[PDB]
Amino acid sequence: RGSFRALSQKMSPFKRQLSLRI
Amino acid sequence: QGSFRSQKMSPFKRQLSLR
Amino acid sequence: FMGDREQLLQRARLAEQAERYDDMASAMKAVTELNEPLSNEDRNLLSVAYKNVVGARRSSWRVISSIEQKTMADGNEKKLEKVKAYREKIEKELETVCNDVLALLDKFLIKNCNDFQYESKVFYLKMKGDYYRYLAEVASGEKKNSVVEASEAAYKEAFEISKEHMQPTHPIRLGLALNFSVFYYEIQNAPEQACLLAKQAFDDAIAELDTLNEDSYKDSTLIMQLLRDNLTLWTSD
Amino acid sequence: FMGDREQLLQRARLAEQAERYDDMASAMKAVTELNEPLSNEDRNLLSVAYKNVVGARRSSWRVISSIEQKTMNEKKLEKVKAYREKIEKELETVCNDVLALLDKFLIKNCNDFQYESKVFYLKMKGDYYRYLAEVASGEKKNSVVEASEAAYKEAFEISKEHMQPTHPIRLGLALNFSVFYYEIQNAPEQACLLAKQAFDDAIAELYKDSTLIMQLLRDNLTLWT
Amino acid sequence: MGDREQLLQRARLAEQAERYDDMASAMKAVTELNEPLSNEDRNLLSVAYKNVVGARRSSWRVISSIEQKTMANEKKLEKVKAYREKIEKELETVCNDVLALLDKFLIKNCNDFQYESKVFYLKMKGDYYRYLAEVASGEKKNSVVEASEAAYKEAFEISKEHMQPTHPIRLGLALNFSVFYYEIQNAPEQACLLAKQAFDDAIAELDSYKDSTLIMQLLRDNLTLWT
Amino acid sequence: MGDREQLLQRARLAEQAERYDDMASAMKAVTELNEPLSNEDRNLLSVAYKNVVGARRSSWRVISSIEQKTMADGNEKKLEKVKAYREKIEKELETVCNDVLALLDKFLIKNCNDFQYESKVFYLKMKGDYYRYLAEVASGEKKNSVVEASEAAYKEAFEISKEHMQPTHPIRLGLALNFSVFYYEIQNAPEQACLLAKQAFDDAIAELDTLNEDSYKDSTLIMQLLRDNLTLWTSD
């Protein structure tokens, strides 16, 4: 922890969702 | 099996394509 | 202008012509749930739709049940589990079709018959006997005894009304005697009771047959030939 | 536990844990097609599965459609367009499978007294028509926008009659219905008034799962003003 | 037993029960395992979908025929049209499922040497685009017609290079391809010339006999009918 | 314009949409055109299959963990259903791996000349990686086969990289990392694994001061991973 594994997929979880989540 | 059971002209229809 | 009830009847007649009997049955179910009585034609569309839907499930069930018996005798346990699962899938569809019909009969069709609506009553009580009989075909044990008793009771009341209020040549009375005799023979394994009923019905009808016009005669004799064929098969087998 | 139903349900729970949502949805679709009622757990499996499947197509569709906006090579644009339509067709098939399930089985088999099921499934119908409206054009768009609003409208009327304003399902429906007005209808005032009345009616009657949704209503309203 | 064996066993049961929607759904799931279909598996997939699409095709012809003679109540006609559309969308979904299977897995995974599989699957692709063309109109029709013909045309070229004129799959392809020209393209001369050349190429080279001769007789019946 | 550029555009559209099966299908078609891949083309190929196989590996670990817990509880009927799903995912994983390995053997490694050291190392490291993913799900003699194939590929990659690449080169550093992971995770050889990772880190850091800004970011990211594994592995 470990092999070689970042895109602007970093700024994804910041996204605002208007509708309902689960 | 034994109980009470015209478009049945269907078996005479000819298909053009492969069966 | 075509009203809502007539649009449902149109759907079921189109579904019938397209041989789309799930569509037909759904349309006839909706007509029934309007809580208005069904005409002679409407009852026939209801009966044709569910006869084809339940009939497809019954045919599939007999094929897969026969494969299940053969798989079990060969002791192929892993295959038998897969066959059983499919037979039970088909069985549950069959039972749901039957339960839907019976609910329509109990909640609407029989419930709204008046006592002088003898043809309606016989038709609906016969059909309740039929669909309990289809449940009996796939049941065993105490579950089977329950639907067998419900089938017999429905057939029995239908036949008492038919004898009191319908000519022996009437195709619905003939059809009821036929299916009731089939109940005794295939469900109850009572050949003698089955033959007695079928032969009484044939004899009572054939004596009055000469008094029918050509259309009514064809309808009655078609059913009378079926009584006759069963009597022959049942006395021999 | 050998029958088809338990087989399929076990498959969907495993697919969930593996985050294989296409497997999950295919399994729940098959469960639904057995024509038996879904429990609340089963209903949540079906919803989670399809929300994720459609969400991936939605998110992909927004990326490509946005790259398609950058249009200034005819041959390069056509391949972007063709790819966006490929994704679009995947998204439509997903939505139509859901809607067929809702119409053929789920909404149909609801008994008159299962108001929670009815509101939940009719909301789902509004949602998936709304997802079709996000990508549809022309007359097809008008038809799905109308179907979405009519589903939402019916679910809301049932929920206004049979649920407390604090009920999470009814709050979740108000939220999505207000998103429909804002995003699909470009009706910001009508969207804010619906979100406002729902939060207002709920805060009057104030199980903290309802508070989370009320915060989303307020977030949307603060944004939309 | 793994998923593959479960699904294959379900489809054979479904076949015996004449439940072709179950059969097709199982065979679709088998194909989606992304493993080759044996000859038996290929025939299960084909039988299943031929029966499913054939019920819709047959229903569609009935309601469209009623819709034709319906011109005669605007509201009665509207419900006939809507029902035929309902059936039509069922038919299109079935054809698109098959076509997606052929494009995503079956044709793709054919190795260059499996000419039998290639001809069979591209012929199948021509068939299901032809079923879409039977109901399509306008621009959508043009697209599926040309897609049908391109698939048939490729399968026929491979079948000409790698199969004897007496091969049942090649003859079955010539037959359906000639039906495409006659029924879809309204090109009877091109249809008759293709059916005639294939019967002739086979009879020029005639247990295996009974298989090829059965299809050759269908070619000749169509030619007898079309001329 | 051209067909190859059309496939490459498909692959980058798919990457942006996070549709990695589309991306891998496009880069597979590019490779089978039998023309070499540029540095950027190789990265698109690697990103596509890393994501496709990584999804399957993640799913496989979850379901295999559930399978071991189901077997311990002796729930035989549930075990049979979990096993069938694990095997489904496993076969997908093995097919992805064999697709990649076929591309490497039929095209990519095959068409390298002896002076294309970066290509050779890149492709032989990737052959080591995808055999290692096969080893993760194998047992018994099946496992020993792909383990030997993984080590042999890694070994040749590393000898070429040592002889023709600077210690700071990201590809050589990435290979040392994954090769040490092979020793630790696959071979359960912690001492060999630590020896390798520590040699790679020390050889790179001595020459790190000679890199431009961009080249420094790439190498240090990988060196930090070497350092983290070494800390974790020596603590057991």
# chains A, B, ... in the order shown; residues from 1 in each chain; ligands from 1

$ closest_atom_pairs --of "chain D" --to "chain C" --cutoff "9 Å" --atoms "only C-alpha atoms" --output "CSV"
residue,atom,partner,partner_atom,distance
D:2,CA,C:85,CA,6.9
D:3,CA,C:85,CA,5.0
D:4,CA,C:85,CA,6.3
D:5,CA,C:89,CA,8.9
D:34,CA,C:89,CA,8.1
D:35,CA,C:93,CA,8.3

$ residues_around --residues "residue 120 in chain E" --least-positions-apart "4" --cutoff "12 Å" --atoms "only C-alpha atoms" --output "PyMOL selection string"
chain E and resi 37+39+42-43+45-46+102+106-107+110+114-116+124-127+151-152+154-156+158-159+163+167-174+176

$ write_last_selection --atoms "C-alpha atoms" --output "mmCIF file, in the first residue's frame"
data_model
loop_
_atom_site.group_PDB
_atom_site.id
_atom_site.type_symbol
_atom_site.label_atom_id
_atom_site.label_comp_id
_atom_site.auth_asym_id
_atom_site.auth_seq_id
_atom_site.Cartn_x
_atom_site.Cartn_y
_atom_site.Cartn_z
ATOM 1 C CA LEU E 37 -21.365 -20.053 -29.264
ATOM 2 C CA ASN E 39 -23.235 -24.782 -33.296
ATOM 3 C CA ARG E 42 -25.999 -20.777 -32.149
ATOM 4 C CA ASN E 43 -29.139 -22.631 -33.199
ATOM 5 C CA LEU E 45 -30.143 -18.324 -30.046
ATOM 6 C CA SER E 46 -31.474 -18.301 -33.616
ATOM 7 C CA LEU E 102 -24.378 -9.627 -33.263
ATOM 8 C CA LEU E 106 -21.055 -12.666 -32.073
ATOM 9 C CA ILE E 107 -19.651 -11.149 -35.273
ATOM 10 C CA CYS E 110 -15.375 -14.493 -35.032
ATOM 11 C CA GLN E 114 -14.569 -19.311 -38.839
ATOM 12 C CA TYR E 115 -16.235 -18.506 -42.156
ATOM 13 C CA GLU E 116 -19.283 -20.624 -41.274
ATOM 14 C CA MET E 124 -28.710 -12.981 -39.294
ATOM 15 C CA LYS E 125 -27.800 -9.280 -39.256
ATOM 16 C CA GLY E 126 -29.303 -8.883 -42.731
ATOM 17 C CA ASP E 127 -32.452 -10.682 -41.530
ATOM 18 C CA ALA E 151 -24.778 -7.315 -44.199
ATOM 19 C CA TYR E 152 -26.259 -9.731 -46.752
ATOM 20 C CA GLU E 154 -20.803 -9.263 -47.087
ATOM 21 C CA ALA E 155 -22.070 -12.677 -45.989
ATOM 22 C CA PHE E 156 -22.669 -13.606 -49.623
ATOM 23 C CA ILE E 158 -17.619 -14.694 -47.877
ATOM 24 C CA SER E 159 -19.967 -17.565 -48.685
ATOM 25 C CA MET E 163 -18.561 -22.414 -49.261
ATOM 26 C CA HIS E 167 -23.872 -25.562 -48.612
ATOM 27 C CA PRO E 168 -27.146 -25.108 -46.651
ATOM 28 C CA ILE E 169 -26.051 -21.847 -45.027
ATOM 29 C CA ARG E 170 -25.021 -20.352 -48.375
ATOM 30 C CA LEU E 171 -28.304 -21.489 -49.958
ATOM 31 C CA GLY E 172 -30.315 -20.200 -47.002
ATOM 32 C CA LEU E 173 -28.510 -16.873 -47.371
ATOM 33 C CA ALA E 174 -29.214 -16.664 -51.100
ATOM 34 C CA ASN E 176 -33.295 -14.651 -47.713
#

$ atom_distance --atom1 "CA of residue 45 in chain F" --atom2 "CA of residue 25 in chain F"
9.5 Å

$ interface_residues --of "chain D" --to "chain E" --cutoff "10 Å" --atoms "only C-alpha atoms" --output "PyMOL selection string"
chain D and resi 26+30+93

$ write_last_selection --atoms "N, CA, C and O atoms" --output "JSON list (two decimals), in the first residue's frame"
[["chain", "number", "residue", "atom", "x", "y", "z"],
["D", 26, "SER", "N", -29.99, -5.66, -14.30],
["D", 26, "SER", "CA", -30.50, -6.83, -15.02],
["D", 26, "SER", "C", -31.13, -7.83, -14.06],
["D", 26, "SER", "O", -32.18, -8.41, -14.36],
["D", 30, "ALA", "N", -35.25, -8.68, -13.86],
["D", 30, "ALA", "CA", -35.78, -10.04, -13.88],
["D", 30, "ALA", "C", -36.67, -10.31, -12.68],
["D", 30, "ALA", "O", -37.75, -10.90, -12.82],
["D", 93, "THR", "N", -32.53, 3.39, -23.84],
["D", 93, "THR", "CA", -32.87, 1.99, -23.58],
["D", 93, "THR", "C", -32.98, 1.73, -22.08],
["D", 93, "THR", "O", -33.90, 1.03, -21.63]]

$ interface_residues --of "chain F" --to "chain D" --cutoff "6 Å" --atoms "only C-alpha atoms" --output "PyMOL selection string"
chain F and resi 17+59+62

$ write_last_selection --atoms "N, CA, C and O atoms" --output "PDB file, in the first residue's frame"
ATOM      1  N   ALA F  17     -15.293  10.381 -21.140  1.00  0.00           N
ATOM      2  CA  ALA F  17     -16.595   9.919 -20.670  1.00  0.00           C
ATOM      3  C   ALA F  17     -16.491   8.814 -19.625  1.00  0.00           C
ATOM      4  O   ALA F  17     -17.529   8.339 -19.138  1.00  0.00           O
ATOM      5  N   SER F  59     -13.983  -5.845  -8.128  1.00  0.00           N
ATOM      6  CA  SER F  59     -15.176  -6.660  -7.947  1.00  0.00           C
ATOM      7  C   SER F  59     -14.813  -8.066  -7.482  1.00  0.00           C
ATOM      8  O   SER F  59     -15.448  -8.609  -6.564  1.00  0.00           O
ATOM      9  N   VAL F  62     -13.965  -8.267  -3.732  1.00  0.00           N
ATOM     10  CA  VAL F  62     -15.155  -8.160  -2.887  1.00  0.00           C
ATOM     11  C   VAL F  62     -15.908  -9.488  -2.856  1.00  0.00           C
ATOM     12  O   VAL F  62     -16.243 -10.003  -1.789  1.00  0.00           O
TER      13      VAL F  62
END

$ residues_around --residues "range 17-34 of chain C" --least-positions-apart "3" --cutoff "8 Å" --atoms "only C-alpha atoms" --output "count of residues only"
24

$ closest_atom_pairs --of "chain F" --to "chain E" --cutoff "8 Å" --atoms "only C-alpha atoms" --output "tab-separated table"
residue	atom	partner	partner_atom	distance
F:84	CA	E:2	CA	5.0
F:85	CA	E:3	CA	7.7
F:87	CA	E:2	CA	7.5
F:88	CA	E:3	CA	7.2

$ write_last_selection --atoms "N, CA and C atoms" --output "tab-separated table (two decimals), in the first residue's frame"
chain	number	residue	atom	x	y	z
F	84	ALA	N	-20.52	-18.97	-8.17
F	84	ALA	CA	-20.86	-18.77	-9.58
F	84	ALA	C	-20.60	-17.33	-10.01
F	85	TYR	N	-20.87	-16.37	-9.13
F	85	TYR	CA	-20.65	-14.97	-9.48
F	85	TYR	C	-19.17	-14.63	-9.49
F	87	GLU	N	-16.72	-16.68	-10.13
F	87	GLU	CA	-16.19	-17.29	-11.35
F	87	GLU	C	-16.58	-16.50	-12.60
F	88	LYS	N	-17.80	-15.94	-12.63
F	88	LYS	CA	-18.19	-15.07	-13.74
F	88	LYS	C	-17.22	-13.89	-13.88

$ atom_distance --atom1 "CA of residue 154 in chain D" --atom2 "CA of residue 184 in chain D"
17.9 Å

$ residues_around --residues "residue 221 in chain F" --least-positions-apart "5" --cutoff "10 Å" --atoms "only C-alpha atoms" --output "PDB file with N, CA and C atoms, in the first residue's frame"
ATOM      1  N   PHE A   4       1.738   0.884  -8.994  1.00  0.00           N
ATOM      2  CA  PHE A   4       1.505   2.201  -9.568  1.00  0.00           C
ATOM      3  C   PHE A   4       0.030   2.316  -9.965  1.00  0.00           C
TER       4      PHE A   4
ATOM      5  N   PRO F 170      10.538   7.638 -15.249  1.00  0.00           N
ATOM      6  CA  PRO F 170       9.292   7.141 -14.646  1.00  0.00           C
ATOM      7  C   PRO F 170       8.958   5.705 -15.018  1.00  0.00           C
ATOM      8  N   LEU F 173      11.212   3.501 -12.965  1.00  0.00           N
ATOM      9  CA  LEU F 173      10.744   3.542 -11.579  1.00  0.00           C
ATOM     10  C   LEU F 173       9.425   2.790 -11.414  1.00  0.00           C
ATOM     11  N   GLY F 174       8.500   2.950 -12.362  1.00  0.00           N
ATOM     12  CA  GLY F 174       7.227   2.257 -12.253  1.00  0.00           C
ATOM     13  C   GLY F 174       7.393   0.754 -12.319  1.00  0.00           C
ATOM     14  N   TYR F 216      10.604  16.087 -12.651  1.00  0.00           N
ATOM     15  CA  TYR F 216      10.743  15.841 -11.220  1.00  0.00           C
ATOM     16  C   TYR F 216       9.424  15.397 -10.596  1.00  0.00           C
ATOM     17  N   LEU F 226       7.227   3.930  -3.724  1.00  0.00           N
ATOM     18  CA  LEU F 226       8.256   2.996  -3.285  1.00  0.00           C
ATOM     19  C   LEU F 226       8.505   3.153  -1.794  1.00  0.00           C
TER      20      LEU F 226
END

$ interface_residues --of "chain C" --to "chain B" --cutoff "12 Å" --atoms "only C-alpha atoms" --output "PyMOL selection string"
chain C and resi 16-19+47-48+51-52+55+58-59+62+126-127+130+133-134+137+171-187+194+198+219-220+222-234

$ select_by_dssp --residues "range 64-225 of chain F" --states "alpha helix (DSSP H)" --output "ChimeraX atom specification"
/F:64-72,76-103,117-137,140-164,170-181,190-205,213-225

$ atom_distance --atom1 "CA of residue 21 in chain F" --atom2 "CA of residue 48 in chain F"
7.3 Å

$ residues_around --residues "range 129-131 of chain D" --least-positions-apart "4" --cutoff "12 Å" --atoms "only C-alpha atoms" --output "NGL selection string"
(:A and (19)) or (:D and (50-51 or 54-55 or 57-59 or 61-62 or 88 or 91-100 or 102 or 122-125 or 135-136 or 140-152 or 176-185))

$ write_last_selection --atoms "C-alpha atoms" --output "CSV table (one decimal), in the first residue's frame"
chain,number,residue,atom,x,y,z
A,19,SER,CA,-32.0,16.0,-7.4
D,50,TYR,CA,-31.1,1.8,-12.2
D,51,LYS,CA,-30.1,5.1,-10.6
D,54,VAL,CA,-28.6,5.7,-15.8
D,55,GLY,CA,-26.3,8.0,-13.9
D,57,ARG,CA,-24.9,7.3,-19.1
D,58,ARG,CA,-26.1,10.7,-18.0
D,59,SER,CA,-22.6,11.7,-16.8
D,61,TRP,CA,-23.6,12.1,-22.1
D,62,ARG,CA,-22.9,15.5,-20.5
D,88,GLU,CA,-27.8,8.7,-25.9
D,91,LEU,CA,-29.5,6.0,-22.0
D,92,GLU,CA,-32.8,5.8,-23.7
D,93,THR,CA,-32.9,2.0,-23.6
D,94,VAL,CA,-32.1,2.1,-19.8
D,95,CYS,CA,-34.9,4.7,-19.2
D,96,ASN,CA,-37.4,2.8,-21.3
D,97,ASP,CA,-36.7,-0.5,-19.6
D,98,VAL,CA,-37.4,1.2,-16.2
D,99,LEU,CA,-40.5,2.9,-17.5
D,100,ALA,CA,-41.8,-0.4,-19.0
D,102,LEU,CA,-43.1,0.7,-13.8
D,122,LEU,CA,-44.9,7.4,-9.9
D,123,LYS,CA,-42.0,9.7,-8.7
D,124,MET,CA,-39.6,7.2,-10.4
D,125,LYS,CA,-41.7,7.5,-13.6
D,135,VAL,CA,-31.5,14.5,-24.1
D,136,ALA,CA,-34.6,14.5,-26.2
D,140,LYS,CA,-40.1,13.6,-28.8
D,141,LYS,CA,-39.0,16.1,-26.1
D,142,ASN,CA,-42.5,17.6,-25.7
D,143,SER,CA,-44.0,14.1,-25.3
D,144,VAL,CA,-41.5,13.1,-22.5
D,145,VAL,CA,-41.7,16.5,-20.7
D,146,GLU,CA,-45.5,16.1,-20.6
D,147,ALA,CA,-45.2,12.4,-19.4
D,148,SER,CA,-42.7,13.5,-16.7
D,149,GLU,CA,-44.9,16.3,-15.3
D,150,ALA,CA,-48.0,14.1,-15.3
D,151,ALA,CA,-46.3,11.4,-13.3
D,152,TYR,CA,-44.9,13.9,-10.8
D,176,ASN,CA,-37.2,16.2,-7.8
D,177,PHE,CA,-40.4,17.8,-9.0
D,178,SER,CA,-38.9,21.2,-8.4
D,179,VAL,CA,-35.7,20.2,-10.2
D,180,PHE,CA,-38.0,19.2,-13.1
D,181,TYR,CA,-39.5,22.7,-13.2
D,182,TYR,CA,-36.1,24.5,-12.9
D,183,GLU,CA,-34.0,22.3,-15.2
D,184,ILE,CA,-36.5,20.9,-17.8
D,185,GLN,CA,-39.2,23.6,-17.9

$ interface_residues --of "chain E" --to "chain C" --cutoff "9 Å" --atoms "only C-alpha atoms" --output "PyMOL selection string"
chain E and resi 1+6+9-10+13-14+16-19+55-56+58-63+66+73+75-76+79-80+83

$ write_last_selection --atoms "N, CA, C and O atoms" --output "compact mmCIF listing (two decimals), in the first residue's frame"
# COMPACT_ATOMS: atom_id res chain seq x y z
N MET E 1 -23.07 -25.67 -10.84
CA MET E 1 -23.03 -25.21 -12.21
C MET E 1 -22.90 -23.68 -12.29
O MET E 1 -23.57 -22.94 -11.57
N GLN E 6 -26.36 -22.87 -16.21
CA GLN E 6 -27.71 -22.51 -15.78
C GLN E 6 -28.52 -21.91 -16.93
O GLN E 6 -29.68 -22.29 -17.16
N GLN E 9 -29.30 -24.46 -19.80
CA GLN E 9 -30.34 -25.39 -19.39
C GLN E 9 -31.71 -24.73 -19.37
O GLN E 9 -32.71 -25.34 -19.77
N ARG E 10 -31.77 -23.47 -18.93
CA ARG E 10 -33.04 -22.73 -18.96
C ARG E 10 -33.55 -22.57 -20.39
O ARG E 10 -34.75 -22.74 -20.67
N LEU E 13 -35.04 -25.86 -21.71
CA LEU E 13 -36.35 -26.06 -21.09
C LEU E 13 -37.38 -25.12 -21.70
O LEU E 13 -38.49 -25.55 -22.07
N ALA E 14 -37.03 -23.85 -21.84
CA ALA E 14 -37.93 -22.87 -22.43
C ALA E 14 -38.32 -23.28 -23.84
O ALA E 14 -39.49 -23.18 -24.24
N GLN E 16 -38.53 -26.37 -24.98
CA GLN E 16 -39.47 -27.48 -24.89
C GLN E 16 -40.84 -27.02 -24.43
O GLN E 16 -41.86 -27.58 -24.84
N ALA E 17 -40.89 -26.00 -23.56
CA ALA E 17 -42.15 -25.45 -23.08
C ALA E 17 -42.77 -24.46 -24.06
O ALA E 17 -43.85 -23.93 -23.78
N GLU E 18 -42.11 -24.20 -25.20
CA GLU E 18 -42.53 -23.18 -26.17
C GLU E 18 -42.70 -21.81 -25.52
O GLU E 18 -43.66 -21.08 -25.80
N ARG E 19 -41.76 -21.45 -24.65
CA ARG E 19 -41.71 -20.13 -24.01
C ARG E 19 -40.51 -19.40 -24.61
O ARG E 19 -39.41 -19.38 -24.05
N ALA E 55 -43.65 -13.82 -33.79
CA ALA E 55 -44.92 -13.46 -33.16
C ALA E 55 -45.23 -11.97 -33.34
O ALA E 55 -46.36 -11.60 -33.68
N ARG E 56 -44.24 -11.10 -33.13
CA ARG E 56 -44.48 -9.67 -33.31
C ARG E 56 -44.75 -9.33 -34.77
O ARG E 56 -45.65 -8.54 -35.06
N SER E 58 -46.03 -11.29 -37.05
CA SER E 58 -47.36 -11.78 -37.38
C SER E 58 -48.44 -10.89 -36.77
O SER E 58 -49.44 -10.58 -37.43
N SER E 59 -48.27 -10.46 -35.52
CA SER E 59 -49.25 -9.56 -34.91
C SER E 59 -49.28 -8.23 -35.66
O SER E 59 -50.35 -7.69 -35.94
N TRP E 60 -48.09 -7.72 -36.01
CA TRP E 60 -47.99 -6.44 -36.70
C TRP E 60 -48.74 -6.47 -38.03
O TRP E 60 -49.46 -5.52 -38.37
N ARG E 61 -48.60 -7.56 -38.78
CA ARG E 61 -49.30 -7.65 -40.06
C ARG E 61 -50.81 -7.61 -39.86
O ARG E 61 -51.53 -6.99 -40.64
N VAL E 62 -51.31 -8.24 -38.79
CA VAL E 62 -52.75 -8.28 -38.55
C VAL E 62 -53.28 -6.88 -38.26
O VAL E 62 -54.29 -6.46 -38.83
N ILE E 63 -52.63 -6.15 -37.36
CA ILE E 63 -53.17 -4.86 -36.92
C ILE E 63 -52.99 -3.81 -38.02
O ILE E 63 -53.88 -2.98 -38.25
N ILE E 66 -55.75 -4.34 -40.32
CA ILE E 66 -56.96 -3.71 -39.80
C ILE E 66 -56.87 -2.20 -39.94
O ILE E 66 -57.87 -1.54 -40.27
N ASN E 73 -64.00 6.19 -38.65
CA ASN E 73 -63.99 6.72 -37.29
C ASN E 73 -62.58 7.15 -36.89
O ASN E 73 -61.70 6.31 -36.70
N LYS E 75 -61.48 8.23 -34.13
CA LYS E 75 -61.07 7.75 -32.82
C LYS E 75 -60.82 6.24 -32.82
O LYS E 75 -59.86 5.78 -32.20
N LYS E 76 -61.65 5.46 -33.53
CA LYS E 76 -61.38 4.04 -33.67
C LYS E 76 -60.06 3.80 -34.40
O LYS E 76 -59.25 2.96 -33.98
N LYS E 79 -56.94 4.36 -32.10
CA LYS E 79 -56.58 3.27 -31.19
C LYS E 79 -55.96 2.09 -31.93
O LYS E 79 -55.09 1.40 -31.38
N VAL E 80 -56.39 1.84 -33.17
CA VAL E 80 -55.74 0.81 -33.98
C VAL E 80 -54.29 1.20 -34.25
O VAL E 80 -53.37 0.38 -34.11
N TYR E 83 -52.10 0.84 -31.17
CA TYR E 83 -51.81 -0.55 -30.84
C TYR E 83 -50.75 -1.12 -31.77
O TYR E 83 -49.83 -1.82 -31.32

$ interface_residues --of "chain A" --to "chain F" --cutoff "8 Å" --atoms "only C-alpha atoms" --output "NGL selection string"
:A and (1-4)

$ interface_residues --of "chain D" --to "chain A" --cutoff "8 Å" --atoms "only C-alpha atoms" --output "PyMOL selection string"
chain D and resi 48+172+175-176+179+213+216+220

$ write_last_selection --atoms "C-alpha atoms" --output "PDB file, in the first residue's frame"
ATOM      1  CA  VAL D  48     -30.206   1.911  -6.535  1.00  0.00           C
ATOM      2  CA  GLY D 172     -37.838  13.672  -2.045  1.00  0.00           C
ATOM      3  CA  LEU D 175     -37.327  18.123  -4.497  1.00  0.00           C
ATOM      4  CA  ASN D 176     -37.168  16.233  -7.796  1.00  0.00           C
ATOM      5  CA  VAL D 179     -35.728  20.207 -10.228  1.00  0.00           C
ATOM      6  CA  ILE D 213     -33.851  16.311   2.260  1.00  0.00           C
ATOM      7  CA  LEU D 216     -31.411  19.977  -0.207  1.00  0.00           C
ATOM      8  CA  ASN D 220     -31.517  24.507  -4.262  1.00  0.00           C
TER       9      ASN D 220
END

$ residues_around --residues "range 7-13 of chain F" --least-positions-apart "2" --cutoff "7 Å" --atoms "only C-alpha atoms" --output "count of residues only"
11

$ decode --residues "range 13-25 of chain D" --atoms "N, CA and C atoms" --output "PDB file, in the first residue's frame"
ATOM      1  N   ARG D  13     -27.777  -8.432  -4.852  1.00  0.00           N
ATOM      2  CA  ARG D  13     -27.085  -7.962  -3.662  1.00  0.00           C
ATOM      3  C   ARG D  13     -25.572  -8.094  -3.823  1.00  0.00           C
ATOM      4  N   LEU D  14     -25.110  -9.195  -4.430  1.00  0.00           N
ATOM      5  CA  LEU D  14     -23.682  -9.350  -4.706  1.00  0.00           C
ATOM      6  C   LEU D  14     -23.211  -8.310  -5.704  1.00  0.00           C
ATOM      7  N   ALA D  15     -23.963  -8.140  -6.793  1.00  0.00           N
ATOM      8  CA  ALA D  15     -23.610  -7.136  -7.779  1.00  0.00           C
ATOM      9  C   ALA D  15     -23.496  -5.765  -7.129  1.00  0.00           C
ATOM     10  N   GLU D  16     -24.392  -5.461  -6.188  1.00  0.00           N
ATOM     11  CA  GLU D  16     -24.274  -4.205  -5.457  1.00  0.00           C
ATOM     12  C   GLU D  16     -22.938  -4.099  -4.760  1.00  0.00           C
ATOM     13  N   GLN D  17     -22.593  -5.116  -3.972  1.00  0.00           N
ATOM     14  CA  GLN D  17     -21.355  -5.053  -3.219  1.00  0.00           C
ATOM     15  C   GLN D  17     -20.156  -4.937  -4.147  1.00  0.00           C
ATOM     16  N   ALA D  18     -20.241  -5.513  -5.345  1.00  0.00           N
ATOM     17  CA  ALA D  18     -19.150  -5.452  -6.314  1.00  0.00           C
ATOM     18  C   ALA D  18     -19.180  -4.188  -7.170  1.00  0.00           C
ATOM     19  N   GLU D  19     -20.150  -3.301  -6.945  1.00  0.00           N
ATOM     20  CA  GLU D  19     -20.397  -2.115  -7.779  1.00  0.00           C
ATOM     21  C   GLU D  19     -20.474  -2.465  -9.262  1.00  0.00           C
ATOM     22  N   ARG D  20     -21.210  -3.535  -9.555  1.00  0.00           N
ATOM     23  CA  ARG D  20     -21.496  -3.959 -10.920  1.00  0.00           C
ATOM     24  C   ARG D  20     -22.980  -3.692 -11.147  1.00  0.00           C
ATOM     25  N   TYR D  21     -23.290  -2.432 -11.458  1.00  0.00           N
ATOM     26  CA  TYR D  21     -24.671  -1.982 -11.436  1.00  0.00           C
ATOM     27  C   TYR D  21     -25.452  -2.444 -12.650  1.00  0.00           C
ATOM     28  N   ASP D  22     -24.783  -2.729 -13.766  1.00  0.00           N
ATOM     29  CA  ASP D  22     -25.507  -3.318 -14.882  1.00  0.00           C
ATOM     30  C   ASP D  22     -25.989  -4.723 -14.532  1.00  0.00           C
ATOM     31  N   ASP D  23     -25.141  -5.523 -13.867  1.00  0.00           N
ATOM     32  CA  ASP D  23     -25.585  -6.822 -13.348  1.00  0.00           C
ATOM     33  C   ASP D  23     -26.732  -6.638 -12.375  1.00  0.00           C
ATOM     34  N   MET D  24     -26.580  -5.686 -11.472  1.00  0.00           N
ATOM     35  CA  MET D  24     -27.580  -5.437 -10.483  1.00  0.00           C
ATOM     36  C   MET D  24     -28.929  -5.132 -11.099  1.00  0.00           C
ATOM     37  N   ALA D  25     -28.940  -4.221 -12.063  1.00  0.00           N
ATOM     38  CA  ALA D  25     -30.173  -3.797 -12.724  1.00  0.00           C
ATOM     39  C   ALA D  25     -30.805  -4.938 -13.511  1.00  0.00           C
TER      40      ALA D  25
END
